[PDB]
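A.B. asks: Below: the sequence, then the experimentally determined structure.
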Amino acid sequence: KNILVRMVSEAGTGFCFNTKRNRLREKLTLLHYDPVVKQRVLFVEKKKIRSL
Amino acid sequence: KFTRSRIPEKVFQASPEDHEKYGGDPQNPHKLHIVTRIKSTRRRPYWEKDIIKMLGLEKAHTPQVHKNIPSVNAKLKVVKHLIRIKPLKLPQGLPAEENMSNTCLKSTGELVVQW
Amino acid sequence: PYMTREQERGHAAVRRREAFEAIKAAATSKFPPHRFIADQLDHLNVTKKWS
Amino acid sequence: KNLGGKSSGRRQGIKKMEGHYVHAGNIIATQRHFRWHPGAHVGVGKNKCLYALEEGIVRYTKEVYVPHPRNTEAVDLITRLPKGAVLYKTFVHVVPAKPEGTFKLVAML
Amino acid sequence: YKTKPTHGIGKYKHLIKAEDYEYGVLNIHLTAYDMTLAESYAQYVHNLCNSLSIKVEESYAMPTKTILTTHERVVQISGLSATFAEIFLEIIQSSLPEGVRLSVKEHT
Amino acid sequence: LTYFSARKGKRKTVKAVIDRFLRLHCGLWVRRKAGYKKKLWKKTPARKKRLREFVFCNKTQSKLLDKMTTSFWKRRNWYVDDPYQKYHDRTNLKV
Amino acid sequence: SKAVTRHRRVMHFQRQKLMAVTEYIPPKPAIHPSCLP
Amino acid sequence: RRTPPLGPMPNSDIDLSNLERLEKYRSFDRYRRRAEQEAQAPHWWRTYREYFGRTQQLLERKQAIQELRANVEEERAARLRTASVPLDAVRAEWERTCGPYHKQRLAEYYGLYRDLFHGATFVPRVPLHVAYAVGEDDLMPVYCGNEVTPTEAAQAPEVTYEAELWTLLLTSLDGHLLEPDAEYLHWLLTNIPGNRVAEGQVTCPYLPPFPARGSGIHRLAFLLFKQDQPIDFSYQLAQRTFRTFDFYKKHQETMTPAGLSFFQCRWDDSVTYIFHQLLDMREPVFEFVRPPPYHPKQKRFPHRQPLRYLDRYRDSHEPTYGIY
RNA sequence: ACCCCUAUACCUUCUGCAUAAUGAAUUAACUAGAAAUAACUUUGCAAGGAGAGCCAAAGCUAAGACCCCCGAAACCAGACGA
RNA sequence: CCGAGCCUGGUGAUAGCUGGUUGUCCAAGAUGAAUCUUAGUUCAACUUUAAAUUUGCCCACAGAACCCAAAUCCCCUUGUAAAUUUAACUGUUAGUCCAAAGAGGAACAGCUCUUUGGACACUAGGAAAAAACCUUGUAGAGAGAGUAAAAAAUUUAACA
RNA sequence: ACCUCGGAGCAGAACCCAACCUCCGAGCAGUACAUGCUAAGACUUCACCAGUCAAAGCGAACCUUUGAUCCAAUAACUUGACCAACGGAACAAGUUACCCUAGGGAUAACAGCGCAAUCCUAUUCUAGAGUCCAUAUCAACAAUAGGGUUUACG
Ligand SMILES: [Mg+2]
Ligand SMILES: [Mg+2]
Ligand SMILES: [Mg+2]
Ligand SMILES: [Mg+2]
Ligand SMILES: [Mg+2]
Ligand SMILES: [Mg+2]
Ligand SMILES: [Mg+2]
Ligand SMILES: [Mg+2]
Ligand SMILES: [Mg+2]
Ligand SMILES: [Mg+2]
Ligand SMILES: [Mg+2]
Ligand SMILES: [Mg+2]
Ligand SMILES: [Mg+2]
Ligand SMILES: [Zn+2]
């Protein structure tokens, strides 16, 4: 199945957004737009929110 | 289902035999209908009831004068089974203001300016 | 039919508009009736007598 | 043994018949599949509903149908037609009513 | 709309067909030592067919057999007239380039 | 609700209404859309935008809320920096 | 009862009157031809 | 019910049982061409358009073609896709041969005929040329539909045309400030002897373009008329205003249009100079104002509407306090 | 007076009751619509009203109008009873 | 009068259930959703009152899809006078039969469902008596008159 | 067995239309991570709740179905459990002929009344049997009438 995970900005901002990734898949690192920084930055998976 | 009925146009195309039978000339057709309600609107569809109310034929056997124009004719076609239509005949022309109060509608359909 | 549909188009527009103007005037003229001092004072007559 | 089938109707269809005055953004017709195609000044949503892109009068017409070449299935369907055949579809247009603005005198410098 | 004169103006499925003595199904077998020659003759015969308006269904090939190899090709044909068949096969006979094998065998 | 309280004889307010609805003085009731904080991960951006909005109530819903609250909640409040100060009154309203 | 029935369904009296009024009326071939020369 | 079609239903002529024997659209482009043809064809149903609507010379040409074919170098350049064309020579040849027809198309598209002659058309037979001398070294030409600034059009232009009298007129089809239909003339030379223009009769002196600021883009027309025999004719807007329609009505007997050339003029500081220095009036400034956005009649209870509903109908953004 | 002609008690409950559904022998007496929020109407005063508090972007104050009767089997507390 | 005594009190228990609910007269007034819900209720629709101002219904032409009939929708005119909105609001809201298109049942049911329309729950005349078929409605008095619907029809086997 | 949602027919042509009605399907996945933010005007499953579409604008770039509130958890952004009886009691089954009350003919059984599938009777046809022989007698497939005695149905 898929799991909802919290991608946290690697830009130091407190910004986080939730994505969906397969449980068997590797931990996620993704470019995403950081509103506070106003620039695309890396986000790293921190913790699993739930299993869906 | 029961619905409004669309009357085919050929129904309202008079033939020479009809012209002879009823005494109306297709050229120079009559201007005004005299319409009387001779049938109840009860047990008839609400749309026929509404058409009768529009035409002002709530009272039966009370003649009403209407224009012989296509829209009035469309309504009259809708409710033709509840009414009697006869042309309004004016042997002395339409009444003048002087004799507007001395007219009478003869049962033949003639508005005579003397009574 | 005496007139064709195109001939009848609009021949009664003026009269119909005036009739609806009359209806609108009646509808918008609705308002409480006047009140007269005479009506109020005439009630004193309930105790009118002969002296 | 037959379950389901209790879904209600979607209340789809034309919302503005021909001649109806339509303001920008008004939905003209909602359809499940492309019964009516967007014409001039008529947009299409995700769900294939037709909405007016300008303020005007709605008109329905029949026009030759030439699909987007990237529409592979439609292109193949056309490829299988005989030489004289031309596909047709019903299109919805909004005939814009007002001009898109006027020049006004502001200051007599 | 159904009641309008323009009813059915958009129908096309009737314009799409998805599915006097005349031949049956004709198979032309071309076994040739040359891939190039076999392909060229297949193209030539197909061009003759589609120029003469002959219904051609398939132009496949048989699997190779080794016992050097001979490449095999098939041409499917349907629809011939009396004189048309004569002209067709006489042209085929006269236009065979070099050491190729024709056939007018039938299906199955 | 309680039309006559047992201690004062007054009409009571349904505090469940006060916890959920804002009354604009003119007579309008504002509310949040139900589910605006629920399972946002499976809602499209348009649906989320619709859900994040402050929404007016029906006439009958407003009448119900008016009945369920007392006149204290239907007064003019001159708060310092009320975000709804401008919305507390209607303008250019014909009938 | 359904529109189609195994028995002949009873008509509305109005329909029955309509049928009676629109019954076929044969022509009278003048004076009785057999009695004629 | 079914009303029969009011004409030949499309795809009816070719409707045959011999579909397999019928040739098909092997390609998309041929279907596109056929569809465009049908779209152009008139139809009995409602359509989008209803609502949104010598021999020796030929022999010489063939011989020239054969000569170009014979030139092998030309074939090498063609097959190496390196050959080119003389643009000036092509321009001159097109002007002589069929340039008048294209210029008539351009005039019709720009609406000169409908606004100058109420739809009465003609053909610019004479390859007229106008150019406004910019500085001293160069002169910006005035083609059919060019774009020239009033700064460059400040001074009268140099006119050249291979012909033999002529009356040249300049009008501004849309510069009028009071009446929508009238127009202003800038300069009118009459009874031109042959080609030389300095000897023309200057009836109305020259004016530069004056398109008001923010009033869009104005189209200025150079008309040239063949003149059989001279006729005596006749900085104020009241006398620069007139209608070319009735003007040329008064002279069509001995005058006939034979040349045209028009251009688009925008605002420019020279326009301010024109409005102040010599027109001696305040310059008007125009702004393109769009109609106010439509909003449905405001309801007492905007059910399900966002809080912005009230802002859609409030006029003043500043807080108000009523009696307080 | 009757004879003539016309006329299928009442209430309630029902789609529909002469109904062979309910209730009623009959007389007298007794026996069943209580009130707010907001409106509307009529006064008073009016950017203010109100005899503190409350309301107020014509409001506020006062009045007028509007919310039934009988009936379980029960439950619990405390007595009284072998 | 014991599957849990009796009395008093809580207690005017509670009852979506049954019954009852008292002067005169006039007027308007009739068949979806959710619900531990279908014996009830809330919202809608309908309905009543008052108010505002301005179009409302009827409605021809034009118009509304391919796949694979009856009609409907929409609205210039026209006949008409109503409609919308604002304020306040109860009650009715899981009906009957008839005609018609269907489904289920057995091309049974005074059977059960959906749809269009009519009538009944409202007056009168008729079809024998008669909710639902037909005629007909707006109210009173008359010891006048013209009408509407409105009454079943049929009798039949020789043979060259 | 079913209870929520959706597709097709009933329901042919705007919308809408039931069922113990005839069939089918779903409780998500794939994708990307602007699949962002805002906002005119609209649609709407006949209420509400909820659910849809969307110009313009800003910002990056150059997507195709399920469930409320409260309550919890998280600094917050956000997230969860069931609520599938799928408008959702936070947590409660069997049984009563020992039963009780309030009612219900709006709802069963006997009975009455409809209906006549079933049942019964009579004719038509002769297949046919009847040693042959249709019709002394009997009788198949059927057809047409009648009855209201069974079993059922309302
Ligand atoms: Mg369905
Ligand atoms: Mg009784
Ligand atoms: Mg009872
Ligand atoms: Mg009794
Ligand atoms: Mg003892
Ligand atoms: Mg005892
Ligand atoms: Mg009680
Ligand atoms: Mg009444
Ligand atoms: Mg529940
Ligand atoms: Mg109940
Ligand atoms: Mg809705
Ligand atoms: Mg439940
Ligand atoms: Mg439920
Ligand atoms: Zn005889």
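C.D. replies: Good, I have the coordinates. Numbers count the residues shown, from 1 in each chain, chains lettered A, B, ... in the order given. Ligands and ions are numbered 1, 2, ... in the order given.
A.B. asks: And the residue of chain A closest to chain H?
C.D. replies: residue A:35 (22.1 Å; CB to the nearest CB). Placement of C-beta: from N, CA and C, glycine included.
A.B. asks: need the contact list for that residue.
C.D. replies: When contacts are counted by CB atoms under 8 Å, 6 or more residues apart in numbering or on different chains, residue A:35 touches residue A:15.
A.B. asks: Now tell me what touches the lengthiest helix in chain E from outside.
C.D. replies: Among the segments of chain E that qualify as a helix by DSSP state H, the longest is helix E:35-51. The contact list for helix E:35-51 (CB under 8 Å, 6+ apart) reads E:28, E:30-32, E:56, E:59, E:71-73, E:75, E:77, E:88, E:91-92, E:95-98, E:100.
A.B. asks: Paired strands for the next helix or strand after it, with orientation please.
C.D. replies: Using DSSP states H and E, the next helix or strand after helix E:35-51 towards the C-terminus is strand E:71-77. Looking at strand E:71-77 with DSSP bridges, its partner strands are strand E:26-32 (antiparallel).
A.B. asks: Just the angle for the strand it pairs with relative to helix E:35-51, thanks.
C.D. replies: Computed by axes from the mean of the first three to the mean of the last three CA atoms, to 10 degrees, the angle separating strand E:26-32 from helix E:35-51 equals 160 degrees.
A.B. asks: Run the chain-centre distance for strand E:26-32.
C.D. replies: Relative to its parent chain, strand E:26-32 has a centroid offset of 10 Å by CA atoms, centre = their mean, to the nearest Å.
A.B. asks: again with stretch H:131-146
C.D. replies: Put simply, stretch H:131-146 sits 18 Å off its chain's centre (CA atoms, centre = their mean).
A.B. asks: Would you mark the buried spots in that stretch?
C.D. replies: H:131, H:132, H:134, H:140, H:142, H:144, H:145, H:146 (16 or more other CB atoms under 10 Å in any protein chain shown).
A.B. asks: tell me the SS of the second one?
C.D. replies: Of the three states, residue H:132 takes strand under DSSP: H, G, I helix; E, B strand; the rest coil.
A.B. asks: List the residues that contact it.
C.D. replies: Shown in contact with residue H:132 (CB under 8 Å, 6+ apart): H:139, H:140, H:142, H:148, H:152, H:153, H:154, H:155, H:157, H:158.
A.B. asks: can we see that at 10 Å?
C.D. replies: Taking CB atoms under 10 Å, 6 or more residues apart in numbering or on different chains, we find residue H:132 in contact with H:138-142, H:146, H:148-158, H:208-209, H:263.
A.B. asks: from the residues you listed, which would you call buried?
C.D. replies: By 16+ other CB under 10 Å, those give H:140, H:142, H:146, H:148-154, H:156-157, H:208-209, H:263 as buried.
A.B. asks: Just those residues: which are in helices?
C.D. replies: Among the buried ones among the contacts of residue H:132, no member falls in helices (DSSP H).
A.B. asks: And those residues, which is closest to residue H:116?
C.D. replies: Checking the buried ones among the contacts of residue H:132 against residue H:116 with CB to CB, the nearest one is residue H:263 at 15.2 Å.
A.B. asks: show me where chain F has helices.
C.D. replies: Listed in chain order, the helices of chain F (DSSP H) span residues F:15-18, F:45-51, F:59-68.
A.B. asks: Kindly report the same for chain G.
C.D. replies: Secondary structure of chain G (DSSP H): helices at G:13-21.
A.B. asks: which helices and strands sit right next to the helix or strand harbouring residue H:31?
C.D. replies: For residue H:31, the host element (DSSP H and E) is helix H:28-40. Packing partners of helix H:28-40 (3 or more CB pairs under 10 Å, 6 or more residues apart in numbering or on different chains; DSSP states H and E): strand D:56-64, helix D:72-79, helix H:48-52.
A.B. asks: Enumerate the residues of chain C near chain E.
C.D. replies: Proximity of chain C to chain E, by CB under 10 Å from any CB of the partner chain, involves no residues.
A.B. asks: for chain C, what spans make up the strands?
C.D. replies: Taking DSSP state E, chain C contains no strands at all.
A.B. asks: follow-up on the earlier one: distance from the helix holding residue H:31 to the middle of the chain?
C.D. replies: Distance, stretch centre to chain centre, for helix H:28-40: 29 Å (CA atoms, centre = their mean).
A.B. asks: so that helix versus helix D:72-79, what angle?
C.D. replies: In terms of direction (the same axes, to 10 degrees), helix H:28-40 departs from helix D:72-79 by 70 degrees.
A.B. asks: Between strand D:56-64 and helix H:28-40, find me the angle.
C.D. replies: Relative orientation of helix H:28-40 and strand D:56-64, computed by the same axes, to 10 degrees: 130 degrees.
A.B. asks: Buried ones in helix H:28-40, by neighbour count?
C.D. replies: So, applying 16+ other CB under 10 Å, buried residues of helix H:28-40: H:28, H:31, H:34, H:35, H:38.
A.B. asks: of all these, which comes closest to residue C:19?
C.D. replies: residue H:38 (50.8 Å).
A.B. asks: List the contacts of the closest one.
C.D. replies: Contacts for residue H:38 were tallied using CB under 10 Å, 6+ apart; they are D:63, D:64, D:84, D:85, D:86, D:87, D:88, H:10, H:11.
A.B. asks: Would you mind trimming the residues you listed to those in range of RNA strand J?
C.D. replies: Among the contacts of residue H:38, proximity to RNA strand J is found for residue D:88 (CB under 7 Å from any atom of the strand).
A.B. asks: In the contacts of residue H:38, find the pair that's most separated.
C.D. replies: Spatial extent of the contacts of residue H:38 (CB to CB) is set by the pair D:63 and D:84 at 17.4 Å.
A.B. asks: which one of those two has more residues nearby?
C.D. replies: When neighbours are counted by other CB atoms under 10 Å in any protein chain shown, residue D:63 and residue D:84 differ, and residue D:63 comes out ahead with 22 against 18.
A.B. asks: Which residue, neighbours along the chain excluded, lies closest to residue H:303?
C.D. replies: Of all residues beyond its chain neighbours, the one nearest residue H:303 is residue F:58 (4.9 Å), with distances taken as CB to CB, 6 or more residues apart in numbering or on different chains.
A.B. asks: With adjacent residues omitted, what lies nearest to residue H:108?
C.D. replies: Residue H:108 sits nearest to residue H:121 (CB to CB, 6+ apart), 6.8 Å away.
A.B. asks: is it true that that neighbour touches residue H:100?
C.D. replies: No. With contacts counted by CB atoms under 10 Å, residue H:121 stays clear of residue H:100, the gap being 11.7 Å.
A.B. asks: Which of those two has more residues huddled nearby?
C.D. replies: Neighbours per residue, other CB under 10 Å: of residue H:121 and residue H:100, the larger number sits with residue H:100, 19 against 12.
A.B. asks: Could you identify the helix or strand that succeeds the stretch of helix or strand that one belongs to?
C.D. replies: Secondary-structure assignment from DSSP H and E places residue H:100 in helix H:99-110. Next helix or strand after helix H:99-110 toward the C-terminus (DSSP H and E): helix H:112-116.
A.B. asks: Point out the other elements, helices or strands, that that following helix touches.
C.D. replies: So helix H:112-116, by 3+ CB pairs under 10 Å, 6+ apart, packs with helix H:99-110, strand H:166-172, strand H:218-227, helix H:244-249, strand H:255-265.
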